[PDB]
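# Inside the fold
Letter by letter, the chains look like this.
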Amino acid sequence: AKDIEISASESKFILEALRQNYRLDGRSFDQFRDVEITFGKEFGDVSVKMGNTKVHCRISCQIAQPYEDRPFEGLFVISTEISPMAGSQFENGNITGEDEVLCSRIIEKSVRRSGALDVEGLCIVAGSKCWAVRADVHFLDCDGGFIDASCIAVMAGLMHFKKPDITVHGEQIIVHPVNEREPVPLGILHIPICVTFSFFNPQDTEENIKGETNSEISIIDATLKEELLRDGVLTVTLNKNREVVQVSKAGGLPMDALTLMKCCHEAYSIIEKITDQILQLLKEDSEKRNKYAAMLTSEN
Amino acid sequence: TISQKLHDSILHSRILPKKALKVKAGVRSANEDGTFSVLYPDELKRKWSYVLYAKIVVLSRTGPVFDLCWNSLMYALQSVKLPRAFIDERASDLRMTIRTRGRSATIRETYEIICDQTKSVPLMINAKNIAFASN
Amino acid sequence: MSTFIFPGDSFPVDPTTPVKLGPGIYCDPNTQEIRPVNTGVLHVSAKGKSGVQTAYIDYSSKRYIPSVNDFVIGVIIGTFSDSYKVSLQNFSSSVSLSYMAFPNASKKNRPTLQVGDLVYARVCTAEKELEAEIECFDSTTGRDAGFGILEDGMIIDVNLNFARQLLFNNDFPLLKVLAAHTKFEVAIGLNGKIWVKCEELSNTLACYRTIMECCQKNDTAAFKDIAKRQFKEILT
Amino acid sequence: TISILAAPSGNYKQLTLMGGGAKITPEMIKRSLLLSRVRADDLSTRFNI
Amino acid sequence: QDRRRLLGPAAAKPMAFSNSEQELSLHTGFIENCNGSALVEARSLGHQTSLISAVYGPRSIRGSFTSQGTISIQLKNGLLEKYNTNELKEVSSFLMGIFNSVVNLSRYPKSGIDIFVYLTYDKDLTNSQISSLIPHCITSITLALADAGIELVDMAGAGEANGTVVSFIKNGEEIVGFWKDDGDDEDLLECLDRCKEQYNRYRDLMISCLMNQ
Amino acid sequence: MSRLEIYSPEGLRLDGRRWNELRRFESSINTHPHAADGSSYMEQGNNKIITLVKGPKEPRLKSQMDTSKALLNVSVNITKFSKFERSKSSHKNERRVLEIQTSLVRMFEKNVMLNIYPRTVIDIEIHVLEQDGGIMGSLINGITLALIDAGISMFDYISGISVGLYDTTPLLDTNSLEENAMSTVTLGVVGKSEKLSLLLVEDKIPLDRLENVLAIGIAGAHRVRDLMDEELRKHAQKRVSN
Amino acid sequence: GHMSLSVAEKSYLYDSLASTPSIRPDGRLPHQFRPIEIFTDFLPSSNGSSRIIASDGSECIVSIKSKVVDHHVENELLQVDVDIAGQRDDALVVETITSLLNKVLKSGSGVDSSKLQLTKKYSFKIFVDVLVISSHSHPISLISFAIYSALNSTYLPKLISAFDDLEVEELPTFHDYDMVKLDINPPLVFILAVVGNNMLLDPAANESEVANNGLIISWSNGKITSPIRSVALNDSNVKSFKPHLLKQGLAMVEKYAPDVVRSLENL
Amino acid sequence: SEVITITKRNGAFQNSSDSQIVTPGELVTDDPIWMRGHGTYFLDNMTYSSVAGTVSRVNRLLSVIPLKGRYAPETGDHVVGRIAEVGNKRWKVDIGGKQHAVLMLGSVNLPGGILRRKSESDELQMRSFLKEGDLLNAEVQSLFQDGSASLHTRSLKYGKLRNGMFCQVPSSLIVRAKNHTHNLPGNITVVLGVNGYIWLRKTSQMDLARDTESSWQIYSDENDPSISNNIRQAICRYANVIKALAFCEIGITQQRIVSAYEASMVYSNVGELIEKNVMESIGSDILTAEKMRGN
Amino acid sequence: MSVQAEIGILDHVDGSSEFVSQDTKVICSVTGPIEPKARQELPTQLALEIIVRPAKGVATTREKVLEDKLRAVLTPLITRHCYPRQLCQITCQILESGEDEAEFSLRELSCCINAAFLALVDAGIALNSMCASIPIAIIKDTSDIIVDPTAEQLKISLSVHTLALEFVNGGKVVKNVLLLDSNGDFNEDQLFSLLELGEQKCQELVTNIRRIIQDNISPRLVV
Amino acid sequence: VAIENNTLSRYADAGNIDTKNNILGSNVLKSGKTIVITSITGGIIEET
RNA sequence: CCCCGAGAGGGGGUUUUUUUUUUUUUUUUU
Ligand SMILES: [Br-]
Ligand SMILES: [Br-]
Ligand SMILES: [Br-]
Ligand SMILES: [Br-]
Ligand SMILES: [Br-]
């Protein structure tokens, strides 16, 4: 594929800066990027921005029939297809690459598998008709942190989305339009948030395997340049209920167990601030839509 | 792209109205002397619809071939005969009970629709809308 | 306010005047007409310049296209039989750097440049339908004209316009406002690469952050303040 | 190039104009529409389907 | 469903309904797209078959180097009767072995001869069936190769008798392929004679087609 | 809600083991000499894994060749008969499997000295014949053994282990029944150290219990390392003595 | 083929094999097989299993699993699944062997499917999963020996409920511990090589490379049976063969097969 | 066992100056004076093992010799290889190592030899000399930085192989010696490549002259048109006994081969040598023969 | 015709834009000229990699048609002979349909054409001329020709049209008609009345685009 | 243009309707040197 | 740097899957 050429000078500089408690963007080692959440006109339309990183998620649903195995559960899928828009490093439709499959699996284990969405409440008539919720993530601009950005984009979208109200007459489904009656929100059991840690070995492999004192550097939410020069990755997902949704350190630089535990506790402070942030932006968005609805009726 | 353009232009030119694909389902009962008879309604509960598929094999390509695919599809659609469809009068297969965590539910009885081996009705094409291709 | 031109627009200059065509201007091989193909400001050199007027269009771009007599910053990404494979920009077509394109070259002794090294070089040949070539010496004298390896330091991505202004325009305050804060050496490439190196990393980092922000804002009368807050923030 | 789906009635169901080469003039369009009708009349009545 | 095809709605279910020795037709060279092509139609009793063969080659093979040519044969399902992909692969392998004994591969270094056989229309009118189609495939491929201008040692033909298929060359003196499914016991001699009769008839009609047409 | 005694008041599990006991661990080196440069047959409980290491050797395509290091590839074949219920579809292109293969590669890239084998390729083929919980940990042990058998240089052992958490009771080395009844944590420990190559948590675990679970796993993984090391020295003595 | 040989090596091998007193490179006789090792009943999770190891390192693993099905809707009661390591699932060799093996072990051709019947409505579906770890020639005969061994050491669950679903219609229930051994007669598949006018049983890798042709002959109930297929062991030296060779091959198998079965029938 | 020998087993997947053995990660020494060699790695004073093998101390060079691993080409080795590919002005030949060895066009003897004038068409017609699949003798002329070998055949002793059959044993069973081409009873000649690749052919005039128009046919695929069955049946026998020695992990030498060849004469049919118990006994008889002949 | 556009919003791309018409919002990115894959290489001209992503779900055959029509417009616009054996990646991510995507793709196509053009301008790629695209529709009863129709207007339409013209001379001379995609029932008189009114609104669009381009790019350049 | 309609359909012969055929309509078209073969099959879906 | 040659010549330094003990009055403090 198309490679990103990194000079020895750039490799040595960024690593040496870390040895001097410096990162290029001026952040701290434990500092998460400021997350900006923008909602569109339609429900389920959400735009997440972390520095230069830009992702967009769109929640949609349509009437479908549940699987034979699960007659009481609705359908839910998450799409995260990459495109050259985020950078020429990504091949169009490359859904089998190492980083792609990992990212796809992290999100799936954080939202799908974790049961963040109440799929039981997606059923209209058992074993016949149900809702099929779809989360489409669009990677617009890549500056690292695509996993953390996606997990927030999916969750913010699901919590913002509203499906058309339905009254049931036996098997006859009466789908009320938004013009008739208001749409119905989705059921969220918990709010999973991902925090990704990047590891750097300031020395050599020998001192990592048999070295007495540990000296490996770990930073939170790395940018693209920091992401291309790391030796190991850790993605930990938690919620406000003080529970670990999932942890994934798929190989890479061997890291001390206590250090990995420290990361999990550090991530918990971040996911708390992020979750409350999402909720507040959802309230204000609701207050904004209601205030306009009052100004539209008054003028009507 | 050819598949799409064929699909869209059939929808845009309004060749096939949904009403022309509605299945006028009949009923097959067991008459006297141990025989099966099928009674079809005319000019008048579950409802079915026909779905048309098409396979277009192009051999010996020598240039732009969309126009040939469309004209062939048009000629083919004018020969389409829809098979009569019927259901058994009282098929033994009824609702299927599925249990939840305390509460019970019943999946609706699925009726197996069967096509007639011989009897068929012609496809109702808006012949006024059938266009032919040229480039 | 400037005099903007768009592709397809009529070319102001008359055919009766001999005109040397630069960037942005295209001469159609079929209809022989001269027409603008890029969007930006049209610049026409004054008459009396040896009877030849040079017309070109200054347009915004960040994807470099190799042209002869350009100082560029490349990175060694491969070693062939007789030359180096060097990248001037990510995802772009590779350029070749001959083993004989160095001072004191010989068929017996190859240069000591390894893959991953930065080189400051000059584009010697840039055929449109052929792999471009760079050199790290003066073809006539044989000496090194400041060309060669760039040891350590940090490299910076920058749009072609910002790099061209930094290399050819002396009124650009950036190099001045950085000299007012620290000592530094700088290599400037027309391929949108800027190499910066100081004695201490904190100063190089401060320079990196300033050049990045100044490239982003593109407001000349704000470079001094940006450098002020940057070198200050490092001290904390 | 020009692509047309012409109904024998006289109306048109599809008209694609792609001018990447020579200029597509109204005369070229009108002549194409005429031939598309003539072609359609031939194809529709030929095989008595 | 599929993002590359239009297969319609998923809740839709396919329509299920309730309750001489051989006549041949041969044509060659009607596909301008390729180098050689053939049309073979057979009608007998309660089963008719119309299959089309197409030969693409010799064309480029950008891998290593080979002193001789490389043959590939692929059978495709038609419109009506379908067959298992495994079964079509098996016949393809059986056909590859046959024409690797007939095609003068020495004349085509670093080249590829890709032979396609389309099982276009196979009607079963009886109001492993693949065994009865095999001799017609060999006939089509032989016609197509000869029409393409690919050198052949001899006109390869075949016959079928009670699930046994055997292809002959050299006036039926030798065998280039032997196929047997089901059938009976100790019926080898009878099958060889019956198939050689079909082989002889097919070869005569093939030569008649390659010459007069 | 489990009607079976996952952990009885007598401190006994469904299979008879206690809370801190590993399953039957039997390694086997040089099982396929005519098929690979290195090979290992792993039996950890009912788990049965064939591991083949082919290389370092010439790449089949010069396009895929690194002049600074060897190319490391891992393909896990979870057979359709690995479980009690035969799976109808294949798992070859399953996203779960691609992640496993990727994970294993990312683990040994920082252990196997690929830098001393430039312009070569190391292909690791794995066949899972039978599965019964903790298949990831068994995959790790199989690769480590097979790589050593191939005489391929590496910095240290990598031992894999799984630890379940039944409410408050940690369970070392979980089988399929226990994994279906609780959340498990898979560890990949380097040598005798406290450093983790692989930390894998796929189900919900309280933040307070995670540190203790890690402590159990690391201790258990060290025992796996000892068993692997023991069996390896035994095979070494039986071969070097001839 | 698999093995790569020079023109000189092939010429020497061919002349040696095409000789009237046929000389094999390992000194074997035209009917002698190479020594093999067979392991059985090592997969407790399955109903039956086998593992065969050849002398050239060729290794194949077969697993046997069962499933209760309605034989009124499930036509094929025995499904063979072949997986050759290093090959795609849709490879030509894989699908061909898969198609071939399924014909060899059809329900009403070379297998007593009566022993799979449970009731008047339900029967046992047998899944024969093949895994070829390594192979240097056509593994069809190798797989056949393994499938044979596996099917002769297979144990299926025993039925408890009544066997008349037409009237009483009882749900199929099985005993908790007892299992009945699967009594069945698995067929064998022999592969031959044709070098000149000589026919060799169990062709080696180097032998197959120079062979003019080959034969795949099935064997069941003490007699030759379909599928019988001629096969090109290589693709560079394939030639037509006289009919007497075909009759020689069938005769050769017909007299040496019981010897193979006898050495294979040991429990 | 009249036709086939089938060994069976149930309930099991399979049958189941001191040299210091070390495993990866194990601490070998803590003396910083040592020079660390292959099989090792270090951190300050500590020297660890990277492979499983025996600790080796030569002078001040500490290294760990692995128990297993591919053939490692040393400069000057006599190897037998197969041409894998042909490109530009060189061949790449399969020796049996981590990488293919190279064989430059200028490192071989062109047909017609010293009398031949240089031609620029040779580089475009290399396939007429050595093509894919061809076997040949070669000497490891030089070594590349990674360890790859550059071969040469600039000798009458080296060149394309014919008039025989190929077989291979693990390279560990064949060591370096003064000469690897040997003449054996039965008018056959063995070529014991150090890489484990072995060539057994009919003894040629060169093989006789070694201990006691043709330059145009040094690359011909054609074999000797007159090769007796007695030589062919000798080759088969020599092949089987070599495989037998390899089966018992016995180091192959020219003496061990001839000894086994004559000892195998007990068995009438040559095909009897492929059975396990025969191979094991033949190798065992050789070791015991060297026992009572040595003491 | 109250469209709104932004230029140069993406960092890791040579050029980008965001075009919005009513509810139809499309973001586009352009990287080039760059090194092409072997199968993409054209000996003399530039190779175009054109990708269209839908607002909901994954890319299907529908978007494959959007890619094809968008190709017919962008191909003659770019001076391709300036970049032999080279590649230009053009990606369109439709963020909001602004129409019933199950029935129409009119507004999405026009917005993609305008956005792609703007992204090409931002990227600084040789263009032979300028371009503008508008969606047009004909209503049932009234049979009026509505330029830039709403989603509700499309539902009650008899025909839908995509018109993209090639402009030169300061956006005053129609060089050619790059694309006209007419679908539905219509007669010859309706077609030319459509082309006459369509050309007017297209010319107005170019003028607006020229304004947007100069407003964004001029601050980057020097005087 | 030369065509042949309903030649592949099960309703080809009104007197002898095919039993093992699911083609509702067909058309074989050849124009110049290009050949097009179209066959229409059908399915049924429940409506709600 | 390495290979080759009585004479500073030549060759190379590798490119979605083990989840289901079912029953008759509001609210508050007890
Ligand atoms: Br459910
Ligand atoms: Br950064
Ligand atoms: Br569809
Ligand atoms: Br028998
Ligand atoms: Br090597």
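All residue numbers are counted from 1 along each chain's written sequence and may depart from the entry's numbering; residues that have no coordinates are not represented. Whichever chain is written first becomes A and whichever ligand is written first becomes 1, with later ones labelled in order. A larger assembly contains the chains displayed, and the values given here are confined to that displayed part. Think of the side-chain values as coming from all heavy atoms in the structure, minus any hydrogens and water. Residues with missing side-chain atoms are left out of burial classes, side-chain pairs and their counts.

As documented in the archive entry, the model was determined using X-ray crystallography at 2.805 Å resolution.

## Quick word on the protein's contact with RNA strand K
We call a residue near a given molecule or strand whenever any one of its heavy atoms falls within 4 Å of it. Close to RNA strand K lie 18 residues; A:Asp69, C:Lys108, F:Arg3, H:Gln141 and H:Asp146 are nearest. By atom count, sugar and phosphate contribute 44% of the portion of RNA strand K lying within 4 Å of the protein. Polar contact is the term for a pair of N or O atoms within 3.5 Å; when the atoms are in protein, one must be able to donate a hydrogen and the other to accept it, and sequence-neighboring residues count only if both atoms are side-chain atoms. Contacts to RNA strand K include C:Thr79, whose backbone N or O atom sits 3.4 Å from a base oxygen. A distance of 3.1 Å is found between a base oxygen of RNA strand K and a side-chain nitrogen or oxygen belonging to C:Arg110. For the surface near RNA strand K, the per-class residue count stands at three nonpolar, five polar and 10 charged. Under the convention adopted here, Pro, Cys and the residues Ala, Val, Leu, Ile, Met, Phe, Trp and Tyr are nonpolar, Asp, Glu, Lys and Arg are charged, and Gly plus all remaining residues are polar.

## Thoughts on helix α1 (residues 7-18) of chain G
Numbering of helices and strands starts at the N terminus; helices are DSSP runs of H or I of at least 4 residues and strands are runs of E of at least 2. The span one expects for a helix is its residue count, reduced by one, times 1.5 Å. The end-to-end C-alpha separation of α1(G) is 16 Å, in line with the 16 Å expected for 12 residues at 1.5 Å each. Throughout this description, buried means an accessible area under 20% of the type-specific maximum (1.4 Å probe, protein chains only), exposed means over 50%, and partly exposed covers the range between. Within the span of α1(G), buried status applies to G:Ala8, G:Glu9, G:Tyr12, G:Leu13, G:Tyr14, G:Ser16 and G:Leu17.

## Here's the deal with the sheet that holds strand β1 (residues 25-26) of chain F
Paired through backbone hydrogen bonds, the strands of a sheet run either parallel or antiparallel to each other. All names here are of chain F. Strand pairing is defined by DSSP finding a minimum of two bridges between the two strands. With respect to topology, five strands assemble into an open sheet ordered β1-β2-β3-β5-β4, the strand pairing being mixed. Here the strands that pair on one side only, and so sit at the sheet edges, are β1 and β4 (71-78). Sheet topology note: the β4/strand β5 (residues 121-130) ladder contains eight bridges and is parallel. Within β5, the residue paired with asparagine 73 across the bridge is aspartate 123. Strands β4 and β5 of the sheet are contacted by helix α1 (residues 95-108), whose axis makes an angle of about 145 degrees with β4. Any two residues whose heavy atoms approach within 4.5 Å at even a single point are treated as in contact. Lines fitted to C-alpha atoms define the axes here, with helix axes fitted over just the stretch in contact, and angles between the N-to-C directions of these axes take values from 0 to 180 degrees.

## Describing the packing of helix α1 (residues 85-99) of chain E against helix α2 (residues 92-104) of chain G
The N-to-C vectors of α1(E) and α2(G) enclose an angle of 110 degrees; their axes lie 8 Å apart at closest approach. Judged on the interaxial angle alone, α2(G) and α1(E) are roughly perpendicular. Residue-level contacts link E:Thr85, E:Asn86, E:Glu87, E:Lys89, E:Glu90, E:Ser92, E:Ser93 and E:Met96 of α1(E) to G:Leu92, G:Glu95, G:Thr96, G:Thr98, G:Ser99, G:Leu100 and G:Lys103 of α2(G). Here the contact of α1(E) with α2(G) is composed, by residue class, of three nonpolar, seven polar and five charged. Angles are sorted into four bins: roughly parallel if under 35 degrees, roughly antiparallel if over 145, roughly perpendicular if 65 to 115, and oblique for all others.

## Comments concerning a negative patch on the surface
Residue and element names in this part refer to chain E. Together, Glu21, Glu190, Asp193 and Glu197 line one region of the surface with negative charge. Here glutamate 21 lies in the loop between β1 (13-14) and β2 (23-28). Classification of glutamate 21 by relative accessible area gives exposed; the value is 51%. Here a patch means residues that are over 30% exposed by relative accessible area and free of salt bridges, tied together within 9 Å if like-charged and within 5 Å if nonpolar (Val, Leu, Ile, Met, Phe, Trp, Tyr). Areas reported here follow the Shrake-Rupley algorithm with a probe of radius 1.4 Å; residue values treat only the protein chains shown as occluding. Salt bridge, as used here, is a side-chain nitrogen of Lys or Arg placed within 4 Å of a carboxyl oxygen of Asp or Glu. For the purpose of charge, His is not counted, nor are the chain termini; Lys and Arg are scored as positive and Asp and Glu as negative. Charge coordinates come from a single atom per side chain, which is NZ of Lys, CZ of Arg, CG of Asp or CD of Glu.

## Remarks on the interface of chain F and chain A
Taken together, the contact between chain F and chain A spans 32 residues of the former and 44 residues of the latter. Of the roughly 3600 Å² buried between chain F and chain A, counting both surfaces, carbon and sulfur atoms make up 56%. A per-residue breakdown of the area chain F buries against chain A is headed by F:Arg106, F:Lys195 and F:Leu207, which together make up 22% of the total. Here A:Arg242 makes a salt bridge to F:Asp208, at a shortest N to O gap of 3.0 Å. At the level of secondary structure, the elements contributing two or more residues to the side of chain F that touches chain A comprise α1, β9 (195-201), β10 (205-206) and α4 (210-240) of chain F. Per-element accounting of the side of chain F that touches chain A gives the leading share, nine residues, to α1(F). Split into classes, the residues belonging to the side of chain F that touches chain A amount to 16 nonpolar, three polar and 13 charged. Buried area counts how much accessible surface, traced with a 1.4 Å probe, disappears from two parts once they are put together, with both parts' losses summed.

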